[PDB]
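Working notes, beginning with the structure itself.
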Amino acid sequence: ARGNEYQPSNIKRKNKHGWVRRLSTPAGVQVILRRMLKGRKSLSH
Amino acid sequence: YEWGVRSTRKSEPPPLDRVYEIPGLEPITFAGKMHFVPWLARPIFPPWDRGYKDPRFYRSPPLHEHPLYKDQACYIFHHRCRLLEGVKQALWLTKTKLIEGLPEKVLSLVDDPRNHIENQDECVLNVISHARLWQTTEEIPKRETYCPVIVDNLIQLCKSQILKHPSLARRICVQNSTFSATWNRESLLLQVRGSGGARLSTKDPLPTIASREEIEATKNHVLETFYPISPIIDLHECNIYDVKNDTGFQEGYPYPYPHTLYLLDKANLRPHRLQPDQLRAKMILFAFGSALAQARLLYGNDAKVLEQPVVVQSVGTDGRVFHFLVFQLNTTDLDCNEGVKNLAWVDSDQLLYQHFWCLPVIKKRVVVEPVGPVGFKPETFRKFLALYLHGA
Amino acid sequence: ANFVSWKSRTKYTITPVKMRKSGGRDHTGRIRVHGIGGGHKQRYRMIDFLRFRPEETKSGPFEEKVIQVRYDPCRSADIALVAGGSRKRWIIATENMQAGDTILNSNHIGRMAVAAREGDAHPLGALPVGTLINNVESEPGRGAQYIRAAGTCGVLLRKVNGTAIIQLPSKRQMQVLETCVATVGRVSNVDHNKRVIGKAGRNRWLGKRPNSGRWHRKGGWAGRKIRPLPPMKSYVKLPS
Amino acid sequence: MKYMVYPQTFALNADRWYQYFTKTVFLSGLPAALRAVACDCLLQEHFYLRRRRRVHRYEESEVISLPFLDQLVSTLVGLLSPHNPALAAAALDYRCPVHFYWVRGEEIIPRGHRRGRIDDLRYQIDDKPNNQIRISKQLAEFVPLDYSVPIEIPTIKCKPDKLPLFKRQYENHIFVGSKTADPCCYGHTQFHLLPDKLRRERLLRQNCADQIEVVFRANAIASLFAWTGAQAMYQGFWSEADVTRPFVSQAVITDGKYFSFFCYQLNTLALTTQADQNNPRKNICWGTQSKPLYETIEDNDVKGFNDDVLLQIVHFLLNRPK
Amino acid sequence: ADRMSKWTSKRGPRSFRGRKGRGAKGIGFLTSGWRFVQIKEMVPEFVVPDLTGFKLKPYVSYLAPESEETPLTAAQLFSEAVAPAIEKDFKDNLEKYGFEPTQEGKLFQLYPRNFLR
RNA sequence: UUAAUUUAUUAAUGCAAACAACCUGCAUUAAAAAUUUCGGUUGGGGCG
RNA sequence: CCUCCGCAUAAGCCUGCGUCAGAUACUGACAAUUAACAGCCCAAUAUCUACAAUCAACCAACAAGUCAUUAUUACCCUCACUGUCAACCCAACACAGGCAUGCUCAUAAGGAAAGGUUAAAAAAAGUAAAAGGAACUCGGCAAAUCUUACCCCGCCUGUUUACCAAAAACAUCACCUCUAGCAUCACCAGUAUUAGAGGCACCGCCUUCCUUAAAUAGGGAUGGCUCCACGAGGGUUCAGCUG
RNA sequence: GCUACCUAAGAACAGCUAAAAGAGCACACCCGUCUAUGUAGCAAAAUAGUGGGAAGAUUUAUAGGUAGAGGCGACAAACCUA
RNA sequence: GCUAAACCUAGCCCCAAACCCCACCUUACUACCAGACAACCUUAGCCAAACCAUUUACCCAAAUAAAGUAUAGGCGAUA
Ligand SMILES: [Mg+2]
Ligand SMILES: [Mg+2]
Ligand SMILES: [Mg+2]
Ligand SMILES: [Mg+2]
Ligand SMILES: [Mg+2]
Ligand SMILES: [Mg+2]
Ligand SMILES: [Mg+2]
Ligand SMILES: [Mg+2]
Ligand SMILES: [Mg+2]
Ligand SMILES: [Mg+2]
Ligand SMILES: [Mg+2]
Ligand SMILES: [Mg+2]
Ligand SMILES: [Mg+2]
Ligand SMILES: [Mg+2]
Ligand SMILES: [Mg+2]
Ligand SMILES: [Mg+2]
Ligand SMILES: [Mg+2]
Ligand SMILES: [Mg+2]
Ligand SMILES: [Mg+2]
């Protein structure tokens with residue numbers, strides 16, 4: 001019954017975790033800054 | 001109460017920086033940076049000129065500056081105008097007297113069985129069945145498809161009478177023709193910009209139906225008025241317009257004389273379809289507009305009683321219900337409510353068939369109504385054929 | 001939330017306007033009013049509550065022809081499409097308003113009392129005392145705000161100086177300048193009380209949804225309680 | 001999944017490919033008041049009619065030639081009705097669809113879970129001829145059934161995909177322009193208008209001069225095969241019950257100025273591999289080169305009017321059932 | 001869920017796949033009805049010379065002598081292109097020598113560069 | 001919760017402040033809350 | 001011999017049983033999905049638009065149902081770009097689960113329940129059963145058959161503890177109580193026949209015996225009441241049926 | 001991207017009975033009454049049969065919204081990525 | 001005798017010194033149309049006080065010393 005909580009959709013993915021949404025708020029900008037500081041290959045989703 | 005809430009109204013611009021209020025000093029703005037910064041003054045940008053010039057990025061000038069703008073406001077009737085008072089309003093606007101039923105002159109053209117089409121009912125039934133059931137792979141064709149089809153097939157069926165009537169060779173049904181006619185009514189200038197479709201043009205003008213005595217008898221008839229509804233209601237009040245009378249064709253066009261205007265209300269949705277009264281009003285207005293354009297082209301742009309009245313017919317249909325109109329324009333002196341008046345014979349709500357069953361209704365595994373038209377009325381097609389044959 | 005009100009249209013029109021349901025939610029997206037949600041899709045017909053609105057470049061009392069009386073999904077009252085001169089507008093229909101009727105909208109406060117015919121609008125100063133009225137303004141030219149629901153009728157209780165006392169349907173007295181316009185008669189659809197919903201589904205169609213947790217305060221709903229005084233603390237819960 | 005065969009096509013040598021798909025041999029050749037009426041229709045659509053909105057060259061076909069072709073067909077049918085009684089009772093269709101679905105050849109599924117399995121190659125033509133004429137009595141043959149011709153049907157070694165041709169899965173329709181209940185189920189003449197995408201000017205710019213006649217010929221073959229096949233399948237024939245009489249239809253294809261004329265005789269519905277293994281018959285399409293009806297139109301004058309094109313149109317309209 | 005693979009036009013739903021391109025430069029615009037109008041001037045016209053009679057070849061004979069690389073400089077170009085005329089006219093308004101005060105008005109403006117390659 | 005401590009915040013008033021609205025400060029009363037605690041002995045609990 | 005399967009679209013995935021060469025649908029190399037289908041649009045400013053749908057014709061309504069165009073001013077070039085494969089996606093898996101839509105209604109499509117043997121026990125599912133027919137058991141659970149009658153609770157249809165509770169609980173029409181006389185972000189583009197909150201429960205009215213042979217079981221001699229209908233609710237019963 | 005509720009714009013609902021129904025029987029579809037199997041399972045809630053609803057207070061795809069003392073809740077302290 | 005077992009530098013730690021072509025904010029890595037939203041606002045709590053409620057050290061701009069002194073503090077933990 002459970003386990004399939006991920007029902008993928010690229011529209012939702014980009015609108016929820018994308019670069020534009022991350023930059024849309026100061027908190028998300030700090031998210032990107034933390035990922036850059038850590039050296040993440042993928043900064044946003 | 002004001003319409004449009006503040007939250008939806010355009011936001012007020014932020015207050016100007018106080019630095020702009022100090023006379024002697026030049027504010028330091030981010031204009032030089034070429035991008036916004038929040039700690040510098042907001043520049044005051046001069047309005048940009050080269051913008052609203054490119055064809056794909058064009059802004060039309062204000063209506064006041066347009067070439068045809070006029071302080072006097074015309075009232076235009078176009079194809080998508082729906083008169084509130086309907087036939088009464090159209091009669092007042094066109095200075096017309098209504099006569100119930102088609103005239104005997106045209107009705108007699110189909111009394112003799114020679115004009116009756118061989119296998120007339122069979123062919124008309126096939127036309128109705130093709131339009132309403134057999135037209136497409138879809139089970140139930142929509143009105144947008146079966147109204148033009150029914151009209152065109154009926155016109156072809158009538159045109160088949162070229163055998164008996166060689167005069168039918170001097171006519172042609174043009175499509176997308178557009179006419180424009182302007183005239184005054186009690187200091188109100190009214191225009192009709194008829195677009196519609198299926199103008200049946202003939203090489204010869206239609207014979208007049210009403211005699212001089214009847215035309216003069218129209219003087220006594222009083223033009224019915226409606227209050228407090230102004231006759232202007234539901235007409236597009238426009239200040240941009242052209243007072244030229246356009247018949248829709250360049251000079252020298254063969255088949256110059258309008259014969260029949262085929263107006264069809266083919267909208268799938270009832271609210272997008274004209275009411276029968278409003279359709280009859282539109283027929284009156286378009287027939288009057290075409291007749292008036294013809295009169296202004298022939299006898300000049302002078303308000304006068306026409307020595308030779310101009311006759312224009314019209315058939316307005318929704319695919320099932322038809323309305324037949326013969327309009328005799330016998331005066332271009334429209335401004336006054338007194339004098340000889342134009343006159344229109346109208347036959348209303350002539351239904352070609354009562355209903356059409358695209359699917360066989362089955363109750364308790366028993367077929368009650370078979371597929372096909374029910375209540376077919378050949379009389380309406382007789383009237384249609386009479387209108388087509390008039391003048392031939 | 002990215003909520004923009006649907007009430008953005010600026011120009012009055014007769015065409016029904018597509019209205020967006022709210023669900024009881026603020027512009028913040030949080031529930032502000034409980035029990036709202038769903039229901040039949042509706043279109044809004046802009047009602048002109050200022051009955052004395054003379055047309056452009058026109059003035060003085062004017063008459064109007066009732067084109068039709070229609071059910072309004074957004075009101076208890078049924079509305080009337082009414083046309084005057086070269087314009088059409090939606091107004092609130094009175095109890096006996098019929099298609100083809102004639103309506104008078106006047107700003108003239110006659111020295112004598114004007115004969116109050118149901119459905120027409122006169123300044124409250126011109127009406128006889130004791131007349132039933134509806135669509136009452138609070139200020140001259142403000143627009144009708146009171147006595148608008150189906151079957152409601154205020155009473156012109158009194159007229160002294162330039163001030164009239166109206167009895168609102170809640171049986172509360174209201175003072176209004178006599179120059180404010182009101183229409184005579186009770187609002188239409190008088191049987192709105194007697195309508196029986198019959199089943200929960202009909203309310204769901206009307207857009208009312210069963211909703212709980214309507215208070216959001218700690219402990220939920222809590223009726224007011226009288227806090228005893230120190231001398232009275234000894235008698236609050238005397239045992240049997 | 002079936003190949004969408006487009007009568008009016010941009011593909012090169014599509015006439016040859018359609019000949020293969022159809023089992024049609026193409027044969028070059030054939031098996032005053034009217035002039036005034038034609039000039040009147042031309043001038044009415046080009047000069048006399050007043051256009052409120054400017055006519056753009058990207059819509060010139062649809063706003064000029066389409067009404068022109070409609071007027072030609074309607075007025076000519078009316079005028080020739082005395083000279084052709086069958087034409088009086090005929091149904092004149094304006095842009096009514098013609099659908100034909102058939103199976104031609106086989107293919108081994110190349111990839112997937114169905115790889116290596118045999119699948120019939122299915123084709124669908126969804127045409128919408130500008131005008132068409134439907135009669136209740138079949139036209140006469142142009143040549144006997146089982147008529148052998150030395151010219152051989154082109155052989156295609158490549159998949160239909162190589163000709164730009166794509167597969168879709170949707171309703172399989174076999175339609176003559178009206179439902180089977182319609183008594184007027186046989187075809188007399190189709191009138192086709194090439195779209196602006198297939199302008200002669202654009203075709204000349206992008207291709208040879210032979211590609212214009214290829215476009216005309218491919219449109220003819222596809223459209224007329226579809227119409228005659230639909231007529232035959234309305235009469236009840238199919239691949240396993242082949243037609244006992246040939247089915248005939250004519251077509252004229254115009255770009256607005258240039259007209260070409262085609263006659264088509266369908267002798268086979270047996271197009272599947274099983275029904276075509278020992279099938280000697282083959283469908284036939286006689287065609288003419290595209291000729292300009294007029295050279296140019298200047299203001300109020302039609303310069304270079306060709307009477308022979310109008311005579312060919314009249315001849316098609318005058319063809320009668322026996 | 002694949003954060004590492006490059007975002008291309010093959011990935012999203014129909015709107016995404018239609019909207020994203022592959023870097024090809026635009027050739028025109030879209031009108032009503034999604035009809036594409038192609039602007040001729042937007043299409044890069046290849047200016048291909050006539051190679052008939054050309055003596056140079058893709059390769060150079062190894063017999064060619066070695067030389068020292070001397071990258072062209074503004075000073076060198078000025079000396080070899082303007083200095084002779086300047087000296088000849090000084091011994092005996094800089095537009096006469098080739099200088100232009102502004103690039104505006106030219107087809108091939110040097111800055112901001114407005115030509116391909 | 002009638003356990004203890006508060007009322008910072010809102011809402012009312014009052015007094016000053018700015019000359020009715022609006023706003024600041026200081027009080028009082030509430031609403032809403034917030035923070036915190038659960039002594040010992042007697043199989044357990046009630047009452048002790 | 002088997003399948004509510006299959007084929008397509010959408011969404012998702014992203015080369016994931018094509019060829020060749022090495023290994024034991026893996027590795028490497030090579031190849032491939034070609035636009036007409038689909039996506040990617042609109043030159044604006046104004047002004048316009050009451051008249052559902054349901055074969056839309058009668059009849060039938062209430063829950064009242066986007067369909068946005070035209071006039072003037074601008075406008076001339078023309079088919080670019082992108083998706084197109086697969087045995088596939090979400091469930092850690094080559095997972096009996098989840099998975100929108102169009103068509104086929106048993107397939108023209110798609111598949112294989114048995115690695116080989118033997119024929120023990122125990123276990124699971126199924127089939128048949130003498131005579132009997134609930135004596136089983138907490139309980140007719142399950143199975144087989146097909147019926148009867150009555151109580152308690154809840155008016156009813158619905159909702160709920162995703163994953164031990166589907167109910168008598170929650171909701172619900174109906175009714176009652178309390179609060180509110182009013183505009184431009186909810187309530188509401190509403191206005192006391194309205195709105196919000198709480199309670200209650202549709203509605204309507206009045207004010208020792210029987211059952212069995214044995215029966216801790218069952219049924220009957222503002223409130224009080226009234227069970228029409230309904231229920232995988234909780235008890236009881238006739239008859240039948242049955243491992 | 002689960003789930004709860006909501007917003008916008010969609011879609012589905014055979015056949016029979018009945019006749020405009022929160023109607024009856026019963027597919028698709030939704031659910032989850034009872035039993036059995038399974039219990040590191042096919043499955044971190046499934047399977048088989050049985051059963052309830054199945055034109056509605058229905059089911060459902062897409063996009064959006066409400067966020068932690070908060071949301072949402074036909075109140076089960078239920079649900080808000082096992 | 002299998003599985004294994006062993007290895008030494010890949011680098012790292014602490015100091016010192018020194019101040020360190022094209023594409024991409026729209027669905028990022030997307031050649032190419034009407035902007036305007038544009039930022040600033042005491043940390044709290046864990047914890048110690050053997051509960052807890054006032055209170056309970058925390059990049060300071062010279063180390064040491066004055067000095068854990070003066071002071072503060074439910075005058076107590078402590079500061
Ligand atoms: Mg989902
Ligand atoms: Mg799992
Ligand atoms: Mg097996
Ligand atoms: Mg085995
Ligand atoms: Mg037995
Ligand atoms: Mg027993
Ligand atoms: Mg028994
Ligand atoms: Mg026992
Ligand atoms: Mg049982
Ligand atoms: Mg219940
Ligand atoms: Mg139930
Ligand atoms: Mg549970
Ligand atoms: Mg359960
Ligand atoms: Mg018992
Ligand atoms: Mg059904
Ligand atoms: Mg039901
Ligand atoms: Mg719920
Ligand atoms: Mg509870
Ligand atoms: Mg402590």
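Protein chains get the first letters and strands the later ones, always in sequence-line order, with residue 1 at the start of each. Worth knowing before you read on, the calculation uses all heavy atoms, side chains too, and leaves out hydrogens, waters and symmetry mates.
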Discussion item. Which nucleotide wins on minimum distance to the side chain of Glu5(A), given the candidates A63(G), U82(G), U81(H)?
Written reply: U81(H)
Fill in: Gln42(C) CD to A53(G) P, straight-line distance once rounded to whole Å
19 Å
Worksheet item: What integer number of Å spans the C1' atoms of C46(I) and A70(I)?
Response: 34 Å
Worksheet item: Reckon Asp72(C) touches a base, only the sugar-phosphate, or nothing at all at heavy-atom distances under 4.0 Å?
Response: nothing
Worksheet item: By the stacking rule (ring centres under 5.5 Å, planes under 30°), does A49(I) stack with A50(I)?
Response: no
Practice prompt. Classify every nucleotide of nucleotides 13-45 of chain H by which part a protein heavy atom approaches to under 4.0 Å, writing B for the base, S for the sugar-phosphate alone and - for neither, in 5'-to-3' order.
Written response: ---SSB---B----------------------S
Discussion item. Tell me if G70(H) and its neighbour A69(H) stack, counting it only when ring centres are under 5.5 Å and the plane angle is under 30°.
Written reply: no
Discussion item. Which nucleotide, if any, forms a Watson-Crick or G-U wobble pair with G16(G), using both distances under 3.5 Å?
Written reply: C85(G)
Worksheet item: Who is the Watson-Crick or G-U wobble partner of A63(G), with both distances under 3.5 Å?
Response: none
Item to complete: Hunt down the Watson-Crick or G-U wobble partner of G198(G), both distances under 3.5 Å, from any strand shown, or write none.
Response: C176(G)
Worksheet item: Do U33(G) and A129(G) meet the pairing test, Watson-Crick or G-U wobble with both distances under 3.5 Å?
Response: no
Worksheet item: Looking for any heavy atom pair under 4.0 Å, which part of the strands does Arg52(D) touch: base, sugar-phosphate only, or nothing?
Response: sugar-phosphate
Practice prompt. Using the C1' atom as the reference point in each nucleotide, state the distance between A55(H) and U54(G) in Å, no decimals.
Written response: 13 Å
Discussion item. Check this for me: does the side-chain of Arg204(C) come within 3.5 Å of the base of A57(H) through a donor and an acceptor?
Written reply: yes
Worksheet entry | Between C24(I) (P) and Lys20(E) (NZ): distance, integer Å | 10 Å
Worksheet item: Nearest-Å distance, NE2 (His236(B)) to P (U49(G))?
Response: 9 Å
Worksheet item: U66(G) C1' sits how many Å from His40(C) NE2, rounded?
Response: 13 Å
Practice prompt. Give every residue pair that meets the side chain to side chain donor-acceptor pair (under 3.5 Å) criterion with at least one member in residues 22-41 of chain C, sequence neighbours excluded.
Written response: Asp26(C)-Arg32(C), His34(C)-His216(C)
Discussion item. Looking at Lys14(A), I want to see if its NZ is surrounded by more than 12 non-hydrogen atoms of other residues, nucleotides or ligands under 6.0 Å.
Written reply: yes
Enumerate, atom names and distances included, each donor-acceptor pair closer than 3.5 Å involving a side-chain atom of residues 164-172 of chain D, sequence neighbours excluded.
from	atom 1	to	atom 2	distance (Å)
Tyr170(D)	OH	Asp126(D)	OD2	2.8
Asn172(D)	OD1	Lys2(D)	NZ	2.8

Worksheet entry | Watson-Crick or G-U wobble partner of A20(H), both distances under 3.5 Å | none
Discussion item. Anti or syn, where syn is a glycosidic angle within 90° of 0; which label fits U145(G)?
Written reply: anti
Item to complete: For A14(H) and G102(G), measure between their P atoms and round to the nearest Å.
Response: 12 Å
Worksheet, complete the sentence: Using Watson-Crick geometry (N1-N3 plus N6-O4 or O6-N4) or G-U wobble (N1-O2, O6-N3), each under 3.5 Å, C48(G) is paired with none
Response to the item:
Scanning all shown strands, the Watson-Crick or wobble mate of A61(H) with both distances under 3.5 Å is none
Worksheet item: Using a 3.5 Å cut-off on both pairing distances, which stems of three or more Watson-Crick or G-U pairs include RNA chain I?
Response: none
Worksheet item: Quick one: which of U73(G), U194(G), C103(G) gets closest to the side chain of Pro61(B)?
Response: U73(G)
Worksheet item: Please give, in whole Å, the distance from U84(G) P to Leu165(D) CG?
Response: 19 Å
Fill in: Pairs meeting criterion salt bridge (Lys or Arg N to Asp or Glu O under 4.0 Å) with involvement of residues 268-277 of chain B, two or more places apart
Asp277(B)-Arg280(B)
Practice prompt. Please measure how far the P atom in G139(G) lies from the corresponding atom in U216(G), and state the result in whole Å.
Written response: 15 Å
Item to complete: Measure from the side-chain N and O atoms of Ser188(C) to the backbone N and O of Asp78(C), and report whether any donor-acceptor pair falls under 3.5 Å.
Response: yes
Worksheet item: Under 3.5 Å, is there a donor-acceptor pair between the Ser195(B) and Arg52(D) side chains?
Response: no
Worksheet entry | Shortest side-chain distance from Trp221(C), nucleotide among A197(G), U78(G), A183(G) | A197(G)
Worksheet item: Under the 3.5 angstrom rule, does the side chain of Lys21(C) hit a backbone N or O of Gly37(C) as a donor-acceptor pair?
Response: no
Item to complete: Please determine, for the side chain of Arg114(D), which listed nucleotide (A174(G), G196(G), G110(G)) has the closest atom?
Response: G110(G)
Worksheet, complete the sentence: Closest to the 5' end of RNA chain I, once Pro13(B) and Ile11(A) are matched to their nearest nucleotides, is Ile11(A)
Item to complete: Classify the nucleic acid contact of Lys2(D) as base, sugar-phosphate or nothing, counting any heavy atom under 4.0 Å across all strands shown.
Response: nothing
Item to complete: Have a look at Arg143(B) and say if it touches a base, only the backbone sugar-phosphate, or nothing, with a 4.0 Å heavy-atom cut-off.
Response: sugar-phosphate
Worksheet item: For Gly35(C), which contact category applies under a 4.0 Å heavy-atom criterion: base, sugar-phosphate, or nothing?
Response: nothing
Practice prompt. Taking atom CZ of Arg57(D) as the centre, report whether more than 12 heavy atoms of other residues, nucleotides or ligands fall under 6.0 Å from it.
Written response: no
Worksheet item: What does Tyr52(B) touch in the nucleic acid at a heavy-atom separation under 4.0 angstrom: a base, only the sugar-phosphate, or nothing?
Response: base
Response to the item:
Base orientation of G22(H), chi within 90° of 0 counted as syn, else anti, reads syn
Item to complete: With the side chain of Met19(C) defined as its heavy atoms from C-beta on, choose the nearest nucleotide among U191(G), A189(G), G65(H).
Response: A189(G)
Worksheet item: Paired with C76(G): which nucleotide, if any, by Watson-Crick or G-U wobble criteria at under 3.5 Å for both distances?
Response: none
Discussion item. I want to verify a distance call: between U193(G), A71(G), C79(G), whose nearest atom is closest to the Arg202(D) side chain?
Written reply: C79(G)
Worksheet item: Among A32(F), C42(G), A34(I), which is the nearest nucleotide to the side chain of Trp48(B)?
Response: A34(I)
Discussion item. For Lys159(D), give me all partners under salt bridge (charged side-chain N to carboxylate O under 4.0 Å, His left out), at least two apart in sequence or on another chain.
Written reply: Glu107(D), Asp161(D)
Discussion item. Let's see if you can work this out: which of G111(G), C85(G), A28(I) has an atom nearest to the side-chain heavy atoms of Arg111(D)?
Written reply: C85(G)
Worksheet item: Rounded to whole angstroms, how far apart are CD1 on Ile197(C) and P on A63(G)?
Response: 8 Å
Worksheet item: Are the ring of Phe57(B) and the base ring of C33(I) both nearer than 5.5 Å at their centres and tilted by less than 30°?
Response: yes
Discussion item. Atom CD of residue position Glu2(B) - does it have more than 12 heavy atoms of other residues, nucleotides or ligands inside 6.0 Å?
Written reply: no
Worksheet, complete the sentence: From CD of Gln275(B) across to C1' of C51(G) the rounded distance in Å is 5 Å
Practice prompt. Measure the CG-CZ distance between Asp196(D) and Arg202(D) for me, rounded to the nearest 0.5 Å.
Written response: 11.0 Å
Fill in: For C26(G), the Watson-Crick or wobble partner whose two distances fall under 3.5 Å
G22(G)
Practice prompt. Mind calculating the distance between CZ (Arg13(A)) and P (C90(G)) to the nearest angstrom?
Written response: 12 Å
Practice prompt. Please state yes or no: are the six-membered rings of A129(G) and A130(G) less than 5.5 angstrom apart at their centres, with planes tilted under 30 degrees?
Written response: no
Practice prompt. Check every atom of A53(G), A39(I), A11(G) against the side chain of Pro38(B) and return the nucleotide holding the closest atom.
Written response: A39(I)
Discussion item. Under 4.0 Å, heavy atoms only, any strand: does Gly23(C) hit a base, just the sugar-phosphate, or nothing?
Written reply: sugar-phosphate
Worksheet item: Considering only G110(G), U84(G), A189(G), which nucleotide approaches the side chain of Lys10(E) most closely?
Response: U84(G)
